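Student: Next comes the structure file run00.json, holding JSON, C-alpha atoms.
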[["chain", "number", "residue", "atom", "x", "y", "z"],
["V", 311, "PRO", "CA", -53.53, -75.75, 54.14],
["V", 312, "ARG", "CA", -52.60, -75.36, 57.79],
["V", 313, "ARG", "CA", -54.44, -74.77, 61.04],
["V", 314, "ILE", "CA", -53.35, -71.68, 62.97],
["V", 315, "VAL", "CA", -54.74, -70.83, 66.41],
["V", 316, "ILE", "CA", -54.33, -67.27, 67.63],
["V", 317, "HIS", "CA", -55.75, -65.32, 70.55],
["V", 318, "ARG", "CA", -57.29, -61.89, 70.26],
["V", 319, "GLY", "CA", -55.41, -58.88, 71.58],
["V", 320, "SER", "CA", -56.45, -55.40, 72.63],
["V", 321, "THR", "CA", -56.29, -54.16, 69.03],
["V", 322, "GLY", "CA", -57.56, -57.42, 67.51],
["V", 323, "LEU", "CA", -55.97, -60.36, 65.72],
["V", 324, "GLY", "CA", -53.19, -58.27, 64.19],
["V", 325, "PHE", "CA", -53.76, -58.60, 60.47],
["V", 326, "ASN", "CA", -55.84, -57.16, 57.68],
["V", 327, "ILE", "CA", -57.60, -58.74, 54.73],
["V", 328, "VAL", "CA", -58.42, -57.76, 51.17],
["V", 329, "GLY", "CA", -60.44, -59.45, 48.48],
["V", 330, "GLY", "CA", -63.83, -61.10, 48.61],
["V", 331, "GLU", "CA", -64.93, -59.82, 45.18],
["V", 332, "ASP", "CA", -66.70, -62.40, 43.01],
["V", 333, "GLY", "CA", -64.95, -65.79, 43.04],
["V", 334, "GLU", "CA", -61.83, -64.52, 44.72],
["V", 335, "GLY", "CA", -61.09, -65.53, 48.23],
["V", 336, "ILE", "CA", -60.11, -63.57, 51.31],
["V", 337, "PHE", "CA", -56.39, -62.80, 51.57],
["V", 338, "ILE", "CA", -54.07, -61.49, 54.25],
["V", 339, "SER", "CA", -52.69, -58.12, 53.14],
["V", 340, "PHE", "CA", -50.99, -56.82, 56.30],
["V", 341, "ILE", "CA", -49.43, -58.28, 59.44],
["V", 342, "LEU", "CA", -49.21, -55.95, 62.44],
["V", 343, "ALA", "CA", -45.72, -56.12, 63.94],
["V", 344, "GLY", "CA", -45.84, -57.76, 67.36],
["V", 345, "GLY", "CA", -49.50, -58.74, 67.11],
["V", 346, "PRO", "CA", -51.07, -62.18, 67.40],
["V", 347, "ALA", "CA", -50.93, -63.12, 63.72],
["V", 348, "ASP", "CA", -47.31, -61.94, 63.50],
["V", 349, "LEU", "CA", -46.20, -64.01, 66.48],
["V", 350, "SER", "CA", -47.98, -67.13, 65.22],
["V", 351, "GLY", "CA", -45.03, -67.61, 62.86],
["V", 352, "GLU", "CA", -47.45, -69.15, 60.37],
["V", 353, "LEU", "CA", -49.70, -66.41, 59.00],
["V", 354, "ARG", "CA", -48.31, -64.26, 56.20],
["V", 355, "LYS", "CA", -49.27, -61.87, 53.43],
["V", 356, "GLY", "CA", -50.68, -63.89, 50.56],
["V", 357, "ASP", "CA", -52.41, -66.48, 52.72],
["V", 358, "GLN", "CA", -55.98, -67.20, 51.71],
["V", 359, "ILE", "CA", -58.27, -67.57, 54.74],
["V", 360, "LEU", "CA", -60.31, -70.70, 54.00],
["V", 361, "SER", "CA", -62.24, -70.84, 57.29],
["V", 362, "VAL", "CA", -62.55, -69.21, 60.70],
["V", 363, "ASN", "CA", -63.72, -71.44, 63.58],
["V", 364, "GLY", "CA", -65.04, -73.84, 60.96],
["V", 365, "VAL", "CA", -67.00, -71.21, 59.00],
["V", 366, "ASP", "CA", -66.14, -71.46, 55.29],
["V", 367, "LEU", "CA", -64.90, -68.14, 53.89],
["V", 368, "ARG", "CA", -63.70, -69.23, 50.43],
["V", 369, "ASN", "CA", -66.53, -67.35, 48.71],
["V", 370, "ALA", "CA", -67.22, -64.73, 51.38],
["V", 371, "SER", "CA", -67.50, -61.01, 50.84],
["V", 372, "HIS", "CA", -64.91, -58.79, 52.48],
["V", 373, "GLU", "CA", -67.58, -57.67, 54.96],
["V", 374, "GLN", "CA", -68.68, -61.23, 55.73],
["V", 375, "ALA", "CA", -65.07, -62.21, 56.43],
["V", 376, "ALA", "CA", -64.54, -59.13, 58.59],
["V", 377, "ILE", "CA", -67.69, -60.01, 60.56],
["V", 378, "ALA", "CA", -66.55, -63.61, 60.98],
["V", 379, "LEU", "CA", -63.21, -62.46, 62.39],
["V", 380, "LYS", "CA", -64.92, -60.01, 64.74],
["V", 381, "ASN", "CA", -67.31, -62.66, 66.07],
["V", 382, "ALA", "CA", -64.81, -65.51, 66.39],
["V", 383, "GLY", "CA", -64.20, -64.82, 70.08],
["V", 384, "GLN", "CA", -60.92, -64.86, 71.96],
["V", 385, "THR", "CA", -59.58, -68.14, 70.51],
["V", 386, "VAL", "CA", -59.60, -67.97, 66.71],
["V", 387, "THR", "CA", -58.85, -71.05, 64.63],
["V", 388, "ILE", "CA", -57.88, -70.21, 61.05],
["V", 389, "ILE", "CA", -57.40, -72.65, 58.20],
["V", 390, "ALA", "CA", -55.07, -70.80, 55.84],
["V", 391, "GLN", "CA", -53.35, -71.64, 52.57],
["V", 392, "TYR", "CA", -50.41, -69.73, 51.11],
["V", 393, "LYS", "CA", -51.38, -68.76, 47.57],
["V", 394, "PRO", "CA", -48.88, -66.15, 46.37],
["V", 395, "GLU", "CA", -50.20, -66.24, 42.84],
["V", 396, "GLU", "CA", -53.93, -65.41, 43.19],
["V", 397, "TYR", "CA", -53.16, -62.75, 45.77],
["V", 398, "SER", "CA", -51.10, -60.67, 43.32],
["V", 399, "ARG", "CA", -53.56, -60.99, 40.44],
["V", 400, "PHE", "CA", -56.78, -60.39, 42.33]]
Spit out the file's structure as structure tokens when you get a sec.
Tutor:
Amino acid sequence: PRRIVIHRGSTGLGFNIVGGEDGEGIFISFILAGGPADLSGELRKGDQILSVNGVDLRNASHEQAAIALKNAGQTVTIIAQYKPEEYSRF
């Protein structure tokens, strides 16, 4: 896992997430070109989001993860782990 710090833009953090069903974690599914996640050079499709500002998201619902990202403020600290494998299957 790695720590990535990004700052919110006028259309958000610049990525989308899928997952959150059952056991399955929250995964990045889309990186907006030119947005904050894109220009971090660290976030990518297939990353699992483990935590946002210290809030554990490993077991979170899609909505709970969405809410956490919305409420994380202007400086958003993500712990992410590239898991290519579970992303494709789930």
Student: Which residue, V:395, V:376, V:338, V:322, has the smallest gap to residue V:352 when you use only C-alpha atoms?
Tutor: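 The answer is V:338, which sits nearest to residue V:352.
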Student: Neighbouring residues of residue V:347 were defined as those with any atom within 8 Å, considering only C-alpha atoms; residues of the same chain fewer than 6 positions away were excluded. Please report them as a PyMOL selection string.
Tutor: chain V and resi 316+323-325+341+353
Student: Any chance you could export the current selection's C-alpha atoms as a PDB file, keeping the file's coordinate frame?
Tutor:
ATOM      1  CA  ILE V 316     -54.330 -67.270  67.630  1.00  0.00           C
ATOM      2  CA  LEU V 323     -55.970 -60.360  65.720  1.00  0.00           C
ATOM      3  CA  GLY V 324     -53.190 -58.270  64.190  1.00  0.00           C
ATOM      4  CA  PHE V 325     -53.760 -58.600  60.470  1.00  0.00           C
ATOM      5  CA  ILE V 341     -49.430 -58.280  59.440  1.00  0.00           C
ATOM      6  CA  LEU V 353     -49.700 -66.410  59.000  1.00  0.00           C
TER       7      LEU V 353
END
Student: I want to know what sits within 12 Å of residue V:326, based on all atoms listed in the file, with residues of the same chain fewer than 2 positions away left out; could you give that as a PyMOL selection string?
Tutor: chain V and resi 321-324+328-329+336-343+345-348+353-359+372+375-376+379-380
Student: Write a file of the selected residues as a PDB file, in the coordinates of the input, keeping C-alpha atoms.
Tutor:
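Resulting contents of result35.pdb:
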ATOM      1  CA  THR V 321     -56.290 -54.160  69.030  1.00  0.00           C
ATOM      2  CA  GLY V 322     -57.560 -57.420  67.510  1.00  0.00           C
ATOM      3  CA  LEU V 323     -55.970 -60.360  65.720  1.00  0.00           C
ATOM      4  CA  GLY V 324     -53.190 -58.270  64.190  1.00  0.00           C
ATOM      5  CA  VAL V 328     -58.420 -57.760  51.170  1.00  0.00           C
ATOM      6  CA  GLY V 329     -60.440 -59.450  48.480  1.00  0.00           C
ATOM      7  CA  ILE V 336     -60.110 -63.570  51.310  1.00  0.00           C
ATOM      8  CA  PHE V 337     -56.390 -62.800  51.570  1.00  0.00           C
ATOM      9  CA  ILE V 338     -54.070 -61.490  54.250  1.00  0.00           C
ATOM     10  CA  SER V 339     -52.690 -58.120  53.140  1.00  0.00           C
ATOM     11  CA  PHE V 340     -50.990 -56.820  56.300  1.00  0.00           C
ATOM     12  CA  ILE V 341     -49.430 -58.280  59.440  1.00  0.00           C
ATOM     13  CA  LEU V 342     -49.210 -55.950  62.440  1.00  0.00           C
ATOM     14  CA  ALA V 343     -45.720 -56.120  63.940  1.00  0.00           C
ATOM     15  CA  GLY V 345     -49.500 -58.740  67.110  1.00  0.00           C
ATOM     16  CA  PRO V 346     -51.070 -62.180  67.400  1.00  0.00           C
ATOM     17  CA  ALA V 347     -50.930 -63.120  63.720  1.00  0.00           C
ATOM     18  CA  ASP V 348     -47.310 -61.940  63.500  1.00  0.00           C
ATOM     19  CA  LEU V 353     -49.700 -66.410  59.000  1.00  0.00           C
ATOM     20  CA  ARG V 354     -48.310 -64.260  56.200  1.00  0.00           C
ATOM     21  CA  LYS V 355     -49.270 -61.870  53.430  1.00  0.00           C
ATOM     22  CA  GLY V 356     -50.680 -63.890  50.560  1.00  0.00           C
ATOM     23  CA  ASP V 357     -52.410 -66.480  52.720  1.00  0.00           C
ATOM     24  CA  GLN V 358     -55.980 -67.200  51.710  1.00  0.00           C
ATOM     25  CA  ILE V 359     -58.270 -67.570  54.740  1.00  0.00           C
ATOM     26  CA  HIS V 372     -64.910 -58.790  52.480  1.00  0.00           C
ATOM     27  CA  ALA V 375     -65.070 -62.210  56.430  1.00  0.00           C
ATOM     28  CA  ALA V 376     -64.540 -59.130  58.590  1.00  0.00           C
ATOM     29  CA  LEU V 379     -63.210 -62.460  62.390  1.00  0.00           C
ATOM     30  CA  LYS V 380     -64.920 -60.010  64.740  1.00  0.00           C
TER      31      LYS V 380
END
Student: Looking at only C-alpha atoms, which of V:344, V:364, V:377, V:350 is the one that sits closest to residue V:389?
Tutor: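 Answer, going by the shortest atom-to-atom distance: V:364.
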Student: Closest to residue V:378 among V:313, V:327, V:394, V:351, using only C-alpha atoms?
Tutor: V:327
